[PDB]
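Asks: Dumping the structure here so I can ask a few things about it.
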Amino acid sequence: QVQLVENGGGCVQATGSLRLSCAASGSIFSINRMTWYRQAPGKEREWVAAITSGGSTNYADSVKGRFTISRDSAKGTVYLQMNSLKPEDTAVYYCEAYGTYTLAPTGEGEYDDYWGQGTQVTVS
Amino acid sequence: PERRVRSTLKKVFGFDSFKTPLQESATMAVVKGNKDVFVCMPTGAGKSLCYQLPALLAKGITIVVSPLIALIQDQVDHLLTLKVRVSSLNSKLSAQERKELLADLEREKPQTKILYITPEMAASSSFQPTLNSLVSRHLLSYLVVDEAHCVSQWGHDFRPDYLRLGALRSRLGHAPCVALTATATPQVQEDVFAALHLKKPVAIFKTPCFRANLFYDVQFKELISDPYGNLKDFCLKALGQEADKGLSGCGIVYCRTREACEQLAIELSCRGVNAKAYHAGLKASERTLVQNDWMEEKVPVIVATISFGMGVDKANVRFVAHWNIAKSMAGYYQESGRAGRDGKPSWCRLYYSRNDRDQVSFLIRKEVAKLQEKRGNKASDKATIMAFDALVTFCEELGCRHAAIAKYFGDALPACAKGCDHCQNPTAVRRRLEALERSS
Ligand SMILES: [Zn+2]
């Protein structure tokens with residue numbers, strides 16, 4: 001199977017920045033849609049930003065300008081650079097790997113959706 | 001357990017073993033039928049068995065959608081020879097044969113075990129009540145969509161009918177869908193998965209393209225002192241890999257125009273590598289004379305137009321050289337693939353000219369335009385130019401040539417093993433690239 005492990009979170013002052021990574025393990029060939037969801041305590045999961053194979057990026061109106069996601073194509077890993085942080089942006093951050101094509105050199109593969117473990121992010 | 005499979009494989013189909021261990025792994029996955037499965041194995045791989053055997057171990061009817069009657073027939077014919085309760089429901093059936101079958105399906109305990117149906121029929125409301133009753137009685141063990149690539153506009157055999165099939169899958173959620181095709185770009189697999197509404201996780205059994213015994217390399221006609229001489233030497237180096245037998249094997253060369261083919265046979269033959277031209281221009285007799293010589297090794301080398309070659313395939317093809325880049329990456333894989341079928345080392349080489357690239361690019365554009373006026377605008381129009389560009393990429397990148405192919409077709413990282421120019425000497429390739437940047 002595939003492991004989605006988020007990193008790069010912690011506690012920071014407002015007007016700070018962080019950068020979250022999502023290390024997608026397994027024999028991954030392509031991720032149709034890698035999305036950043038955030039779960040603020042006491043609210044409904046929020047759609048933050050997402051990136052297609054080919055790098056087509058879109059962002060929630062709540063984070064446009066401030067946030068940017070990217071793929072280190074080589075590492076096989078997606079990043080959420082979050083600048084100009086706000087106490088609102090406090091949440092747990094996690095990716096969905098929608099349409100995650102895995103394939104061994106054998107010829108044996110799978111196509112599936114994978115959800116990441118999460119990283120804790122508080123903002124003073 | 002796995003006990004049943006071994007038995008049904010021999011007692012029914014008369015097979016002591018599966019062709020490949022991927023065929024086995026695929027088959028065994030279908031049998032569990034906890035997940036939908038995609039099988040992308042090339043023609044003659046044993047795809048059919050991956051649902052025919054599971055269909056029989058299961059205690060129900062397997063419906064097999066297949067896109068024209070010729071295809072269905074060949075299988076339903078052979079399935080009968082194996083004494084299997086297979087039935088096609090097609091429009092080539094007398095209204096009486098039609099009715100007798102639909103009657104069968106409406107009975108509890110229906111005779112029919114595998115049902116071969118056109119996409120055409122599987123859509124028609126003439127079949128819907130029957131289909132419903134089959135689902136409602138939990139009689140449906142498996143839905144097979146053969147030629148699954150025909151849902152895809154990015155696959156170049158698209159069939160509007162195939163779009164219905166997705167809706168079908170969702171109705172009989174009870175039963176596994178097995179999708180099969182011989183070839184799928186990653187875009188076609190993504191289409192197939194979506195348009196057939198295949199339930200994630202989708203188990204995939206895709207035959208790797210990658211073949212160890214081939215050695216791919218690229219040279220640039222712009223940077224070559226004696227083009228025709230380089231070729232002579234390449235052909236020779238590739239031939240006589242058995243010095244005890246002297247000059248053993250055979251080989252192929254590819255050219256855009258016929259004049260190039262005739263001339264190149266001449267120039268190679270004079271330089272001392274005996275070669276014949278093969279093109280559509282010649283009579284049928286000339287074609288069979290040149291092809292026969294080559295088959296029997298009377299002539300070691302043949303020079304074929306990229307428009308037309310390979311009347312028949314051969315095993316000891318020690319080399320496939322492209323003088324001119326091909327229409328498409330698919331095309332260069334196809335063409336270079338006639339090399340090395342016997343498994344002994346072979347050499348594939350592409351002669352890259354920016355003047356070639358441009359000359360083909362304009363011809364692609366021009367007969368893209370010619371089709372937009374003849375029928376109109378489409379998703380496939382982008383794919384033509386894309387297909388070609390993946391091959392330009394192949395040439396212009398420094399990076400394992402087998403891994404460049406693997407990515408295009410959707411296989412994981414192949415274990416190259418000093419098995420292409422860049423894997424053997426990554427710098428030589430770097431230096432040769434930089435060189436064409438000056439002469440760009
Ligand atoms: Zn390589």
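Indices start at 1 and increase along the chain as displayed.
Just so you know, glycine gets a Cβ as well, placed from its N, Cα and C.
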Asks: Of B:74-77, B:146-149, B:206-209, which range does Swiss-Prot call motif 'DEAH box'?
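Replies: Within the set B:74-77, B:146-149, B:206-209, Swiss-Prot attaches motif 'DEAH box' to B:146-149.
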Asks: Looking at Swiss-Prot, B:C416, B:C420, B:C423 are annotated for Zn(2+). Which of B:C395, B:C400 sits in that same site?
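Replies: My reading of Swiss-Prot gives B:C400 as the candidate in that site.
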Asks: My understanding is the cutoff is Cβ-Cβ under 8 Å with a sequence separation of 6 or more in the same chain; which residues meet that for B:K47 (ATP binding site)?
Replies: B:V39, B:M41, B:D146, B:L180, B:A182
Asks: Should anything in the same chain at least six residues away from the motif 'DEAH box' (B:146-149) have a Cβ under 8 Å from its Cβ atoms, list it; otherwise answer none.
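Replies: Apart from its flanks, the motif 'DEAH box' (B:146-149) reaches 38, 47, 64-67, 71, 155, 157, 159, 162, 179-184, 188, 192, 196.
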Asks: State the Cα to Cα distance, in Å, between B:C400 (Zn(2+) binding site) and B:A45 (ATP binding site), rounded to an integer.
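Replies: Just about 27 Å between their Cα atoms.
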Asks: CA-CA, which of the binding-site residues B:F15, B:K19, B:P42, B:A45 lies nearest B:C420 (Zn(2+) binding site)?
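Replies: Checking each of B:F15, B:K19, B:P42, B:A45 against B:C420 (Zn(2+) binding site), the shortest Cα distance is to B:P42.
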Asks: Kindly report the helix/strand/coil residue split of the motif 'DEAH box' (B:146-149) according to DSSP, in that order.
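Replies: So the counts come to 2 helix, 0 strand, 2 coil.
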